Structures are given as C-alpha cells and as structure tokens.
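K.L.:
Before we start, here is the structure in question, set down as structure tokens.
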Amino acid sequence: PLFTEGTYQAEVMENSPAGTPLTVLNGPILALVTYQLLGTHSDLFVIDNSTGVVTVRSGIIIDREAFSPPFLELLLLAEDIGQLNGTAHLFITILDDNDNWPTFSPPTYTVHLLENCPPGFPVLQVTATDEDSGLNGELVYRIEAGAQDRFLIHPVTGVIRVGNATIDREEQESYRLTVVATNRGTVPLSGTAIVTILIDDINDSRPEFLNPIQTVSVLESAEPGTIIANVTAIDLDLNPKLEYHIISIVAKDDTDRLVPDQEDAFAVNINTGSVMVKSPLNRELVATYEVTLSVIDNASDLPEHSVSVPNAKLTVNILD
Ligand SMILES: [Ca+2]
Ligand SMILES: [Ca+2]
Ligand SMILES: [Ca+2]
Ligand SMILES: [Ca+2]
Ligand SMILES: [Ca+2]
Ligand SMILES: [Ca+2]
C-alpha cells in the first residue's frame, strides 16, 4: 500500500465535540484496504477502518492549554487485502480557542502616592494573565472609570502614571480606578480590577485667616486682660500647628499724628488668636491702633507656603 502523502498536516479546534472531522490540509487520507491509527495521543480520536476519515472520540475533551508543544504526532497504518502494511505520518496542530479570561490576582490594588509629584510619575503596574496563545492571550489595558484625567495607563505594559495635572492632596485625597484588561480577536474577554490611589500628604498649604479685615471700637475703660477680638485661621494639611503673632501696632492720636512705641498695647494668644488689651488705654493719648497679625504653620515642609498672605488687619477705635 501507499498513502497519497508521506506526512499529512492536519488541524482541530480545541473543545471540538465528539465526531468532529479532523481537518486535513493535504488530504484526504487515502492508500492505493483496512485502517488504524496509532500513537501516544491516539485515544483522543477514532478512525474509520474503511474510509480512514478521523474524528474526535466520545467523552474526550481536547484542551490546547494542556499540550505544550500544542502539536500532535501520530502514525497511520494501512493493511493490504493480504497482510502487507503501508504507512504514513500525521501531524496535528491543535488550534487555540479563547477559553480563558484575563485574570487579575490579586484582583485589587491599593497604593500610596506623595502629592505634588511631576507629570508622568509612575504610580504602579497592574499585570493580568491569560492562559491562551496569540490574539486570544494578549492584553489591552484600559481605565474604564475613576481616573478623572489625572491618570493614564500604558495599553501594553499596564503601568499607570500621572497625567498633565497637578495632584494636590488638598484638592482630592484619593482615587478609585477601574481598570480593564481585554483580549483581542473575535471574542474580547475582559477582566476588571480596582486600583485605589491614596494621596500622602506634604505640608504644602498656607494657613489662611477666615476673618482677615476687622474694625472694632472699644471703650477707654477697658482694662488689661479684656478680650476684644479673635482672629482665626485654618491650614488644610494634616497635622498643622499654627501660631498667631502680632508684628505692627501703629498708633495715631485724636487728629492722625502717630505715637511712638506701642508694641505692648495689645497681645494675641499664640495658640487661639484671641486678642486682649495689654497696657491701659486713653482716647486723649491714642484714639486708633492699626494692629497687624500673621500666622505661621510651624510644621510646614515648604517655607514658601508656611505663612498667611494676607495677614489680618485689626483696627481698634477708642470711645469715651
Ligand atoms: Ca482550553
Ligand atoms: Ca485556549
Ligand atoms: Ca483568553
Ligand atoms: Ca497641596
Ligand atoms: Ca498637603
Ligand atoms: Ca501648612
């Protein structure tokens, strides 16, 4: 006997159900008659002992992901009507199905990121996996939601970086992104992951006064100790520690003439910004004060941002 080829190339999609004809690229399988088919992975198939058409067996599940290499070598026999034996070979590529989902494991990320970091700073890398080959196995990364144009992901490498935005903790303290990884090809399977981005703090904000301009009339009969006004500030960083100081006291008499040496006339509480009369008052002596107070967050990592602008103006008018 003589098979029409020495070696027949052949294909089969993984998961093909029982009875599926094997696809023969240089077939049909013919000998010029009985037939059988031998080999180690012969038991995934049955051959017809007359036609020599070959098919998947019953109760057999052909997984490409379980054969590496994903190719099969078998032997074909042909019995002569009186006992001679011709033979040929059968190569069989097992073709790939997209039967494996992009998997994130862990399926969830949480990472910290210091603020004021520059454009294109790399934040982290997500990696999904996929047990298929070619188109079916490859992965387009995408952020489906949560980024707010402050974050971007490399479609190929999964690496997430900052966009063309300043990332200020005091603007927004965290992000929760939803990232997709998708297969290419005719069956676009995807998997999703959560990325949670926590902005760590730099003490980079200015304390600012909430009540900056102030004009208060007080009686000359006010004694040292009397509380007159209260300046108040906030600093939007974590763990600020503010101090209030006075640095101007500009004193004018009844008709606009200045009066030397009155840094003592009032005092502010370093911790509360409560301001009190300190040395005694008299309209006839001084009828107006121009007190200027600043405040300084003492924990500030940037001196440039560590002090109120504007300062607070308290003008005090004395009555009879
Ligand atoms: Ca499979
Ligand atoms: Ca597959
Ligand atoms: Ca896949
Ligand atoms: Ca900031
Ligand atoms: Ca800050
Ligand atoms: Ca600060």
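Note on naming: chains are A, B, ... as they come in the structure tokens, residues start from 1 per chain, ligands start from 1 in the order shown.
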What residues of the protein or nucleic acid chains come within 7 Å of ligand 2 when you use only C-alpha atoms and all ligand atoms? Reply as a list in words.
P.N.:
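The neighbouring residues of ligand 2 are, in order, residues 64, 65, 96, 97, 98, 99, 100, 131, 132 and 133 of chain A.
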K.L.:
All residues within 12 Å of ligand 6 are required, counting only C-alpha atoms and all ligand atoms; please report them as a PyMOL selection string.
P.N.:
chain A and resi 170+201-208+233-243+295-308
K.L.:
Here is a test: counting only C-alpha atoms and all ligand atoms, which residue of A:268, A:61, A:291, A:53 is nearest to ligand 1?
P.N.:
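Ranked by minimum distance to ligand 1, first place goes to A:61.
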K.L.:
Got a sec to check which residues lie within 12 Å of ligand 3, using only C-alpha atoms and all ligand atoms, and send them as number ranges by chain?
P.N.:
A: 65, 96-103, 128-140, 181-191
K.L.:
Rank nothing, just name the residue among A:124, A:76, A:270, A:47 nearest to residue 8 of chain A, using only C-alpha atoms.
P.N.:
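Among A:124, A:76, A:270, A:47, it is A:76 that comes nearest to residue 8 of chain A.
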K.L.:
Can you work out the spacing between atom CA of residue 167 of chain A and atom CA of residue 310 of chain A in Å, to one decimal?
P.N.:
25.0 Å
K.L.:
Pick the closest to ligand 5 from A:226, A:192, A:172, A:217: which is it, counting only C-alpha atoms and all ligand atoms?
P.N.:
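Selected residue with least distance to ligand 5: A:172.
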K.L.:
To one decimal in Å, tell me the separation between atom CA of residue 209 of chain A and atom CA of residue 276 of chain A.
P.N.:
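The value is 18.1 Å.
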K.L.:
Let's see if you can do this: from backbone DSSP, list all strand (DSSP E or B) residues in segment 93-295 of chain A, as a ChimeraX atom specification.
P.N.:
/A:93-95,103,108-114,122-125,129,140-145,151-153,159-162,174-182,190-200,208-209,213-219,227-230,233-234,242-252,258,266-268,274-277,288-295
K.L.:
At what distance in Å, to one decimal, does atom CA of residue 318 of chain A lie from atom CA of residue 285 of chain A?
P.N.:
10.2 Å
K.L.:
Can you list, as a PDB file with N, CA and C atoms, in the first residue's frame, every protein, DNA or RNA residue that comes within 9 Å of residue 225 of chain A when you count only C-alpha atoms, leaving out same-chain residues fewer than 2 positions away?
P.N.:
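Here's the written file around_21.pdb:
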```pdb
ATOM      1  N   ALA A 222     -11.675  99.941  79.178  1.00  0.00           N
ATOM      2  CA  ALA A 222     -11.260  98.545  79.068  1.00  0.00           C
ATOM      3  C   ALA A 222      -9.960  98.341  79.823  1.00  0.00           C
ATOM      4  N   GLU A 223      -9.921  97.295  80.637  1.00  0.00           N
ATOM      5  CA  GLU A 223      -8.752  97.007  81.434  1.00  0.00           C
ATOM      6  C   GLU A 223      -7.892  95.968  80.731  1.00  0.00           C
ATOM      7  N   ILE A 227     -10.774  90.766  76.529  1.00  0.00           N
ATOM      8  CA  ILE A 227     -10.676  90.184  75.185  1.00  0.00           C
ATOM      9  C   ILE A 227     -11.547  91.043  74.255  1.00  0.00           C
ATOM     10  N   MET A 276      -6.302  90.605  73.274  1.00  0.00           N
ATOM     11  CA  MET A 276      -6.669  91.294  74.506  1.00  0.00           C
ATOM     12  C   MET A 276      -5.907  92.601  74.680  1.00  0.00           C
ATOM     13  N   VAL A 277      -6.532  93.520  75.409  1.00  0.00           N
ATOM     14  CA  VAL A 277      -5.889  94.737  75.891  1.00  0.00           C
ATOM     15  C   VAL A 277      -4.736  94.348  76.804  1.00  0.00           C
ATOM     16  N   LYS A 278      -3.615  95.046  76.710  1.00  0.00           N
ATOM     17  CA  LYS A 278      -2.440  94.669  77.472  1.00  0.00           C
ATOM     18  C   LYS A 278      -1.947  95.781  78.401  1.00  0.00           C
ATOM     19  N   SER A 279      -1.664  96.955  77.866  1.00  0.00           N
ATOM     20  CA  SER A 279      -1.385  98.108  78.718  1.00  0.00           C
ATOM     21  C   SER A 279      -2.507  99.131  78.549  1.00  0.00           C
TER      22      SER A 279
END
```
K.L.:
With a distance cut-off of 12 Å and only C-alpha atoms, select the neighbouring residues of residue 289 of chain A, excluding the residue or stretch itself and same-chain residues fewer than 5 positions from it, and output the selection as a CSV table (one decimal) with N, CA, C and O atoms, in the first residue's frame.
P.N.:
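Output (result-v2.csv):
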```csv
chain,number,residue,atom,x,y,z
A,214,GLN,N,-10.8,93.6,60.1
A,214,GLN,CA,-11.6,93.7,61.4
A,214,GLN,C,-11.4,95.1,61.9
A,214,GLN,O,-10.4,95.7,61.9
A,215,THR,N,-12.6,95.7,62.3
A,215,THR,CA,-12.6,97.1,62.8
A,215,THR,C,-13.6,97.1,64.0
A,215,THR,O,-14.8,96.8,63.9
A,216,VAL,N,-12.9,97.3,65.1
A,216,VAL,CA,-13.6,97.2,66.4
A,216,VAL,C,-13.4,98.4,67.3
A,216,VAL,O,-12.3,98.8,67.5
A,217,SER,N,-14.5,99.0,67.8
A,217,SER,CA,-14.5,100.1,68.7
A,217,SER,C,-14.5,99.5,70.2
A,217,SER,O,-15.3,98.7,70.4
A,218,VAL,N,-13.7,100.0,71.0
A,218,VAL,CA,-13.6,99.6,72.5
A,218,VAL,C,-13.6,100.8,73.4
A,218,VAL,O,-13.0,101.8,73.0
A,248,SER,N,2.8,94.5,63.6
A,248,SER,CA,2.5,96.0,63.6
A,248,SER,C,1.7,96.3,64.8
A,248,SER,O,0.7,95.6,65.1
A,249,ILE,N,2.0,97.4,65.5
A,249,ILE,CA,1.0,98.2,66.1
A,249,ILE,C,1.3,99.6,65.8
A,249,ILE,O,2.3,100.2,66.3
A,250,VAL,N,0.5,100.2,65.0
A,250,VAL,CA,0.7,101.6,64.5
A,250,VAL,C,-0.3,102.4,65.2
A,250,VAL,O,-1.5,102.2,65.0
A,251,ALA,N,0.1,103.4,66.0
A,251,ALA,CA,-0.8,104.2,66.9
A,251,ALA,C,-0.9,105.6,66.4
A,251,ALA,O,0.1,106.3,66.4
A,252,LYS,N,-2.1,106.1,66.1
A,252,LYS,CA,-2.3,107.5,65.8
A,252,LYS,C,-3.2,108.2,66.9
A,252,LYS,O,-4.1,107.6,67.5
A,253,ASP,N,-2.9,109.5,67.2
A,253,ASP,CA,-3.7,110.3,68.2
A,253,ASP,C,-5.0,110.7,67.6
A,253,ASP,O,-5.4,110.4,66.4
A,254,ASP,N,-5.7,111.5,68.4
A,254,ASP,CA,-7.0,112.1,68.0
A,254,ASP,C,-7.1,112.7,66.5
A,254,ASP,O,-8.1,112.4,65.9
A,256,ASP,N,-4.9,112.2,63.7
A,256,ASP,CA,-4.0,111.5,62.7
A,256,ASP,C,-2.4,111.4,63.0
A,256,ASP,O,-1.7,110.7,62.3
A,257,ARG,N,-1.9,112.2,64.0
A,257,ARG,CA,-0.5,112.2,64.3
A,257,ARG,C,-0.1,110.8,64.9
A,257,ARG,O,-0.8,110.4,65.8
A,258,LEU,N,1.0,110.2,64.5
A,258,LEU,CA,1.5,108.9,65.0
A,258,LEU,C,2.0,109.1,66.4
A,258,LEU,O,2.3,110.2,66.9
A,259,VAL,N,2.2,108.0,67.1
A,259,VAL,CA,2.6,107.9,68.5
A,259,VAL,C,3.7,106.8,68.7
A,259,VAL,O,3.4,105.7,68.5
A,260,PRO,N,4.9,107.2,69.0
A,260,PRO,CA,6.0,106.2,69.0
A,260,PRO,C,5.8,105.1,70.2
A,260,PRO,O,5.3,105.5,71.3
A,261,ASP,N,6.2,103.9,69.9
A,261,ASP,CA,6.5,102.8,70.9
A,261,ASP,C,5.2,102.3,71.6
A,261,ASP,O,4.9,102.7,72.8
A,262,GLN,N,4.4,101.5,70.9
A,262,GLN,CA,3.2,100.8,71.4
A,262,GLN,C,3.1,99.4,71.0
A,262,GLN,O,2.0,98.9,70.8
A,263,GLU,N,4.2,98.7,70.8
A,263,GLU,CA,4.2,97.2,70.5
A,263,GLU,C,3.6,96.4,71.7
A,263,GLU,O,3.2,95.3,71.6
A,264,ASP,N,3.5,97.0,72.9
A,264,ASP,CA,2.9,96.4,74.1
A,264,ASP,C,1.4,96.6,74.2
A,264,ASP,O,0.8,95.8,74.9
A,265,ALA,N,0.8,97.6,73.5
A,265,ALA,CA,-0.6,98.0,73.8
A,265,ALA,C,-1.7,96.8,73.7
A,265,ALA,O,-2.6,96.9,74.5
A,266,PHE,N,-1.5,95.9,72.9
A,266,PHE,CA,-2.3,94.6,72.8
A,266,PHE,C,-1.4,93.4,72.7
A,266,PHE,O,-0.2,93.4,72.4
A,277,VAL,N,-6.5,93.5,75.4
A,277,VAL,CA,-5.9,94.7,75.9
A,277,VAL,C,-4.7,94.3,76.8
A,277,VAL,O,-4.9,93.4,77.6
A,281,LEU,N,-5.5,102.0,78.3
A,281,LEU,CA,-5.9,102.8,77.1
A,281,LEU,C,-6.2,104.2,77.5
A,281,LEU,O,-6.7,104.5,78.7
A,282,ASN,N,-6.1,105.2,76.6
A,282,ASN,CA,-6.7,106.5,76.8
A,282,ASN,C,-6.9,107.3,75.4
A,282,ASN,O,-5.9,107.5,74.7
A,283,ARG,N,-8.1,107.7,75.1
A,283,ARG,CA,-8.5,108.3,73.8
A,283,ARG,C,-7.7,109.5,73.6
A,283,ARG,O,-7.2,109.7,72.4
A,313,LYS,N,-5.8,92.5,59.5
A,313,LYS,CA,-5.8,93.8,59.9
A,313,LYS,C,-6.9,94.0,60.9
A,313,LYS,O,-8.1,93.7,60.6
A,314,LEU,N,-6.5,94.4,62.1
A,314,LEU,CA,-7.4,94.7,63.2
A,314,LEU,C,-7.2,96.2,63.4
A,314,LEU,O,-6.1,96.6,63.8
A,315,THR,N,-8.3,97.0,63.2
A,315,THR,CA,-8.3,98.4,63.5
A,315,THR,C,-9.1,98.6,64.8
A,315,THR,O,-10.3,98.1,64.8
A,316,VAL,N,-8.5,99.2,65.8
A,316,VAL,CA,-9.2,99.5,67.1
A,316,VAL,C,-9.5,101.0,67.3
A,316,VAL,O,-8.6,101.8,67.3
A,317,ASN,N,-10.8,101.3,67.6
A,317,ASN,CA,-11.2,102.7,67.8
A,317,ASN,C,-11.6,102.9,69.2
A,317,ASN,O,-12.4,102.1,69.8
A,318,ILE,N,-11.1,104.0,69.9
A,318,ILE,CA,-11.3,104.1,71.3
A,318,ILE,C,-12.5,105.1,71.6
A,318,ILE,O,-12.5,106.2,71.0
```
K.L.:
Taking the DSSP secondary structure from the backbone, can you list the residues of segment 16-160 of chain A that are helix (DSSP H, G or I), as number ranges by chain?
P.N.:
A: 40-44, 64-66, 134-137
K.L.:
Got time to write the residues from that selection, N, CA and C atoms, as a tab-separated table (two decimals), in the first residue's frame?
P.N.:
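Result saved to part_33.tsv:
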```tsv
chain	number	residue	atom	x	y	z
A	40	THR	N	0.66	8.00	20.82
A	40	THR	CA	0.51	8.08	22.27
A	40	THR	C	-0.78	8.80	22.57
A	41	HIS	N	-1.01	9.91	21.88
A	41	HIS	CA	-2.31	10.58	21.94
A	41	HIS	C	-3.26	10.10	20.83
A	42	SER	N	-3.30	8.79	20.59
A	42	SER	CA	-4.25	8.22	19.64
A	42	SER	C	-5.65	8.22	20.24
A	43	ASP	N	-5.73	8.00	21.56
A	43	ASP	CA	-7.03	7.82	22.26
A	43	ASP	C	-7.91	9.08	22.38
A	44	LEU	N	-7.52	10.18	21.75
A	44	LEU	CA	-8.40	11.31	21.61
A	44	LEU	C	-9.21	11.23	20.32
A	64	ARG	N	-6.13	22.64	24.29
A	64	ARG	CA	-4.85	23.15	23.82
A	64	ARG	C	-3.95	23.55	24.98
A	65	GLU	N	-4.54	24.13	26.01
A	65	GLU	CA	-3.77	24.58	27.18
A	65	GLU	C	-3.11	23.43	27.98
A	66	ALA	N	-3.47	22.18	27.67
A	66	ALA	CA	-2.88	21.00	28.30
A	66	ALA	C	-1.82	20.28	27.45
A	134	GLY	N	-1.40	33.79	21.26
A	134	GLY	CA	-1.70	34.75	20.20
A	134	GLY	C	-2.75	35.76	20.64
A	135	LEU	N	-3.55	36.22	19.67
A	135	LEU	CA	-4.66	37.19	19.90
A	135	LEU	C	-5.47	36.89	21.15
A	136	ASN	N	-5.82	35.61	21.32
A	136	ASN	CA	-6.60	35.12	22.47
A	136	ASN	C	-5.92	35.32	23.85
A	137	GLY	N	-4.60	35.41	23.84
A	137	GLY	CA	-3.83	35.55	25.06
A	137	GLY	C	-3.36	36.93	25.40
```
K.L.:
Out of A:159, A:198, A:287, A:88, which residue has the shortest atom-to-atom distance to residue 220 of chain A when counting only C-alpha atoms?
P.N.:
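Looking at the shortest contact to residue 220 of chain A, the residue is A:287.
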K.L.:
Pick out the residues sitting within 10 Å of residue 81 of chain A, and hand them over as number ranges by chain; count only C-alpha atoms, and ignore anything fewer than 4 positions along from it in its own chain.
P.N.:
A: 1, 33-34, 85
K.L.:
Using only C-alpha atoms and all ligand atoms, pick whichever of A:294, A:166, A:311, A:230 has the shortest atom-to-atom distance to ligand 4.
P.N.:
A:166
K.L.:
Using only C-alpha atoms and all ligand atoms, pick whichever of A:143, A:30, A:117, A:90 has the shortest atom-to-atom distance to ligand 5.
P.N.:
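When distances to ligand 5 are compared using only C-alpha atoms and all ligand atoms, the smallest one comes from A:117.
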K.L.:
Which residues, written as an mmCIF file with N, CA and C atoms, in the first residue's frame, have at least one atom at most 10 Å from residue 91 of chain A, with only C-alpha atoms counted and residues fewer than 4 positions away on the same chain left out?
P.N.:
```cif
data_model
loop_
_atom_site.group_PDB
_atom_site.id
_atom_site.type_symbol
_atom_site.label_atom_id
_atom_site.label_comp_id
_atom_site.auth_asym_id
_atom_site.auth_seq_id
_atom_site.Cartn_x
_atom_site.Cartn_y
_atom_site.Cartn_z
ATOM 1 N N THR A 7 3.587 12.458 4.848
ATOM 2 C CA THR A 7 3.161 13.115 6.091
ATOM 3 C C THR A 7 1.968 14.048 5.820
ATOM 4 N N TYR A 8 0.797 13.720 6.373
ATOM 5 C CA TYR A 8 -0.401 14.620 6.279
ATOM 6 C C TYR A 8 -0.473 15.673 7.401
ATOM 7 N N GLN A 9 -0.448 16.959 7.039
ATOM 8 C CA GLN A 9 -0.724 18.041 8.001
ATOM 9 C C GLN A 9 -2.225 18.115 8.285
ATOM 10 N N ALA A 10 -2.581 18.463 9.514
ATOM 11 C CA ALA A 10 -3.967 18.412 9.963
ATOM 12 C C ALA A 10 -4.205 19.343 11.153
ATOM 13 N N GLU A 11 -5.469 19.759 11.326
ATOM 14 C CA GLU A 11 -5.881 20.720 12.362
ATOM 15 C C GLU A 11 -7.143 20.295 13.076
ATOM 16 N N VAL A 24 -7.933 17.972 7.304
ATOM 17 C CA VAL A 24 -6.672 17.583 6.658
ATOM 18 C C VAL A 24 -6.273 18.489 5.484
ATOM 19 N N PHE A 71 1.097 20.527 19.548
ATOM 20 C CA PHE A 71 1.066 19.761 18.295
ATOM 21 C C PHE A 71 1.121 18.276 18.630
ATOM 22 N N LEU A 72 0.575 17.447 17.751
ATOM 23 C CA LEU A 72 0.473 16.016 17.988
ATOM 24 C C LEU A 72 1.045 15.240 16.820
ATOM 25 N N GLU A 73 1.849 14.208 17.126
ATOM 26 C CA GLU A 73 2.428 13.285 16.129
ATOM 27 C C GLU A 73 1.828 11.885 16.297
ATOM 28 N N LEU A 74 1.229 11.360 15.226
ATOM 29 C CA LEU A 74 0.647 10.011 15.207
ATOM 30 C C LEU A 74 1.058 9.228 13.956
ATOM 31 N N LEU A 75 0.780 7.928 13.986
ATOM 32 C CA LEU A 75 1.127 7.016 12.899
ATOM 33 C C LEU A 75 -0.130 6.445 12.299
#
```
